[PDB]
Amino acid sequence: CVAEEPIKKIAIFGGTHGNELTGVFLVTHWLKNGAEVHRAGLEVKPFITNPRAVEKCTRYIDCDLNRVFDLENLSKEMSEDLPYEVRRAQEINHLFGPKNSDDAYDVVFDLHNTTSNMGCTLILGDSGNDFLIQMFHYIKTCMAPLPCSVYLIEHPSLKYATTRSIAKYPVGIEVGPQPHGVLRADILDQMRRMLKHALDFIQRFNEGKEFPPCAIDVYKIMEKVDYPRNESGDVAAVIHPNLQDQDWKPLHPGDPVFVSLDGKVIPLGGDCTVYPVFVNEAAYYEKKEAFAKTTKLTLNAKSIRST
């Protein structure tokens, strides 16, 4: 049984990307009216992380706020040509960190949307963290029969620079499909239910509930796949209609992945089954990612209890 410290300070971040409206709308509402996110014994602080991008309804001002929380950026002196989001990341770190300190917030839920058909998605940064595996098992049980899928990042590069990484326990909450700059009522309902259960879990944990051992399936990112490109670097083929909206569904080497305007089909390739995620995300065209290949695995957590 993993013995563990009670959680005291929780933040809920929305508008990390300024055009992802669900987190913006909920955090804006909870700042006005906090009853929904109140839990006995918890300090819960909703916060808009990129208000300048939110006011422009744009992903970012100068660079992605979700890529500048690495140590180098958090400790960088200001310079004239430095992206705005580096200065904003320091401001957020000053309020909710410092990152890697005992004073840092215990849990940060960073709220995101995607244009990909990923449904309710939890992002896990540590495959050995019993506390988070337990929380995610709890949320999934409460959301059932809506799928609630878990994306695991092991590589340090794709997690160490994220906004949620300031917390002792980072949690990414990702819900799609939703076009950026749109608020869909269904997506809002799904995200608010995920949060309701995550907060319930934390309060129960604090109150001394002992959670028995559990296991969850997770999809661990293997590598990004770019679009085929023309000499000039523009996209030469698009996501095949059979792959479009089929995030999480197994893809085999001969299955079609891209299609060109002439009707040429390009299949997955390789030697293994993969589970594609972020299929056709708008923000990722410039990041050279048509989708990411993942592998499925099981994580077990030991029982846990507050000390």
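One rule holds for the numbers: they count along the sequence shown, beginning at 1.
Higher mean CA B-factor, judged across 124 to 132 and 103 to 111 from the recorded values: 124 to 132. Stretches 7 to 15 and 282 to 290 differ in mean C-alpha B factor, with the higher average recorded for 282 to 290. For the set 256, 269, 51, 46, the PDB entry assigns the largest Cα B-factor to 269. Within the listed group 85, 80, 189, 223, the record reports its top CA B-factor for 223. When the modelled residues of the chain are ordered by C-alpha B-factor, residue 70 sits in the middle third. In the PDB entry, residue 261 places in the highest third of its chain by CA B-factor.
In this PDB entry, the Cα temperature factor of residue 159 sits in the top third of its chain's modelled residues, the highest group. Ranked within its chain, residue 137 lands in the middle third, by CA B factor from the PDB record. Per the deposited record, the Cα B-factor of residue 200 falls in the middle third when ranked against the other modelled residues of its chain.
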